[PDB]
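# Generate a structure from the sequence data that follows.
(2 chains, ligands or ions: 1)
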Amino acid sequence: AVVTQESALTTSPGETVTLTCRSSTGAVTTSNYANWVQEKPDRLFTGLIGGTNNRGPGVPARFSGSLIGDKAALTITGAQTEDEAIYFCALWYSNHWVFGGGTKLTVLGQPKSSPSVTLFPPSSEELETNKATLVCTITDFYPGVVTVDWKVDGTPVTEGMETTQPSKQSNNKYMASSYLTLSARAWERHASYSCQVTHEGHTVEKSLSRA
Amino acid sequence: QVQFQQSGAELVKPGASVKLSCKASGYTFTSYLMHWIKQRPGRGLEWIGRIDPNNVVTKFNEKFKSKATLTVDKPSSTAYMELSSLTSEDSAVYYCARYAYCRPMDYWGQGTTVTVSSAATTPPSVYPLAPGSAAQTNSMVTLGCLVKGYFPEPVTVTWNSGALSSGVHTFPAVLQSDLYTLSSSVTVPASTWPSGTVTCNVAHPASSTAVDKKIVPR
Ligand SMILES: O=C(O)CCCCCNC(=O)Cc1ccc(O)c([N+](=O)[O-])c1
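Residues are numbered from 1 along each chain as shown, chains lettered A, B, ... in the order given. Pasting the structure now:
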């Protein structure tokens, strides 16, 4: 079982939106007992639609319980700024539940400007412990859904990339960081280390070097 | 009103089992099913298991049968989860959630985050990061202090000793190998750096450190 939702999306406050939830093993029949549970402002999760269509006690009546055809589907009618959140869909595989990854939602406040990316060096100092550390300073981005791809000389880094999730800064637009961590020889016979960032399917690129 | 008090944060170490509790509050406990759901640090949820407060009975995940004992306390309406001797590989944020017929929920608690670190309270080795990367020297330059290798989580970092708000962004921290790693950034323009000098402050309360490290080109 893969209960597969969407990954991320946007709708402008007022307009309707339909969130879907498809599953690996065929098609969401009522048997599933479909669930929708949302998280918001600092880790509180509120539950939304139970058994494909039943609204939680105080979940406002915009949110719609709708098993659309093959797939289970939540809709948020008249979408509002108080609905910008991550929604989880959950499907009951007979004698146990399985969670989708959620979707993050954006109810389009301040316009969609991009990230001021700036990659960093491993400093002279950690080179004595033989560690050499990489930061990619990815910041000012809206909406909150950017990616991180790293490459060590053409080569896309499969080796140890540690990252952050979109922290909302001061004017309510986001920031992120990506730590690529390596030991000195693993730095040295390598010239261009390349930081790749995408917004809405539109990238940015930064690099360093040695010769 | 109808609340759900889970505890707040926990520090388990590798090979020490944990007993976590969900105190249920303001509803008829036994006649409401309970779930426990793990959120591994920031990507996706996993349902763990299922306690019935009236009869005690549990469905587990395929995934958490060698790990949890879900067990209930009817008089105190508490519903404790126990995780047998654990790996570094399940430091997470754990949530009890109650539910009526078929839901993860209608209510979940706060989410007791039990961070699994065998290493104790230690000082962060902060490094000067220089803007010498791919981009010609134009108008505003972005500088960063990386405060690597600290334990526990609490670092409280001011950049030019206190006075300069206008361009600072500390990052949210990550944890490489049981301890933490974090950087804090800044982007003042050319007619400041190197001239109007830049040096960062590193405050890390528990393991006494108030470190002033200087930034330069290398
Ligand atoms: O008592 C209830 O509220 C409904 C659940 C059925 C009776 C008690 N046994 C349950 O075994 C396990 C159970 C059964 C059905 C179900 O939909 C879920 N679930 O988590 O959603 C769990």
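# Please list the residues of chain B that sit near the ligand.
When proximity is defined by Cβ under 6 Å from any ligand atom, chain B lies next to the ligand at B:33, B:50, B:52, B:59, B:100-102. Bear in mind the C-beta positions are built from the backbone N, C-alpha and C, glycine included.
# Which members of the residues you listed are the farthest-apart pair?
Across these, the longest distance by Cβ to Cβ is 15.7 Å; it joins B:59 and B:100.
# rewinding a little: list the ones among the residues of chain B next to the ligand that fall in strands.
Using DSSP state E, the subset of the residues of chain B next to the ligand located in strands is B:33, B:50, B:59.
# residue ranges for the helices of chain A, please.
Counting by DSSP state H, the segments of chain A that form helices are A:126-129, A:184-188.
# what about these, which gets the closest to the ligand?
In this view, the helices of chain A are compared for proximity to the ligand by Cβ to the nearest ligand atom, and helix A:184-188 is the closest at 47.0 Å.
# just the ones in strands among the residues of chain B next to the ligand now: which is nearest residue A:8?
Looking at those and their distance to residue A:8, the nearest is residue B:50, at 29.9 Å (Cβ to Cβ).
# tell me the domain ranges of chain A?
A:1-109, A:110-209 (curated CATH domains).
# For chain B, give the residue positioned nearest to the ligand.
Going by Cβ to the nearest ligand atom, the ligand is nearest to residue B:102 of chain B, at 3.6 Å.
# Now that residue: closest residue in space, sequence neighbours ignored.
Distances taken as Cβ to Cβ, 6 or more residues apart in numbering or on different chains put residue A:33 closest to residue B:102, at 3.7 Å, once the chain neighbours are dropped.
# hang on, the one you found packs against residue A:52?
Yes. Between residue A:33 and residue A:52 there is a contact under Cβ atoms under 8 Å: 7.2 Å.
# When the two are compared, which one has more neighbours?
Using other Cβ atoms under 10 Å in any protein chain shown as the criterion, residue A:33 and residue A:52 rank with residue A:52 on top: 23 against 19.
# Against residue A:122, how distant is that one?
Summarising the geometry, the distance separating residue A:52 from residue A:122, computed by Cβ to Cβ, to the nearest Å, is 52 Å.
# same deal with residue B:178?
When distance is defined by Cβ to Cβ, residue B:178 is 22 Å away from residue A:122.
# Comparing these two, which shows the higher neighbour count?
Regarding residue B:178 and residue A:122, a neighbour count based on other Cβ under 10 Å identifies residue A:122 as having more, with 22 against 16.
# domain parsing for chain B?
Structural domains assigned to chain B are B:1-118, B:119-217, following curated CATH domains.
# and the longest one, how far apart are its ends?
I take that to be domain B:1-118. Distance between the boundary residues of domain B:1-118 (Cα to Cα, to the nearest Å) amounts to 40 Å.
# Contacts only, for residue 181.
No chain in the question, so chain A it is. Taking Cβ atoms under 8 Å, 6 or more residues apart in numbering or on different chains as the criterion, residue A:181 is in contact with A:131-134, A:160, A:162, B:176.
# wrong one, chain B
Counting by Cβ under 8 Å, 6+ apart, residue B:181 touches A:162, A:179, B:146-150, B:173-175.
# Repeat that for residue A:15.
Remark: with contacts taken as Cβ under 8 Å, 6+ apart, residue A:15 is in contact with A:78-79.
# how about it, phi and psi?
Per-residue torsions, residue A:15: phi -70, psi 150 (degrees, to the nearest 10).
# can I assume residue B:156 is in contact with residue B:210?
No. Between residue B:156 and residue B:210 there is no contact under Cβ under 8 Å: 10.1 Å.
# list residues touching both of those two?
Overlap between the contact sets of residue B:156 and residue B:210, as judged by Cβ under 8 Å, 6+ apart, is given by residue B:203.
# just checking, the residue of chain B closest to the ligand touches residue A:49?
No. If you go by Cβ under 8 Å, residue B:102 and residue A:49 don't touch, sitting 11.0 Å apart.
# what's the closest non-adjacent residue to residue 35?
No chain specified, so I'll use chain A. residue A:90 (3.9 Å).
# sorry, should have said chain B
Nearest residue to residue B:35 in three dimensions, chain neighbours excluded: residue B:97, at 4.4 Å (Cβ to Cβ, 6+ apart).
# my hunch is that that neighbour is in a helix, does that hold up?
No. Counting by DSSP: H, G, I helix; E, B strand; the rest coil, residue B:97 is not found in a helix; it is strand.
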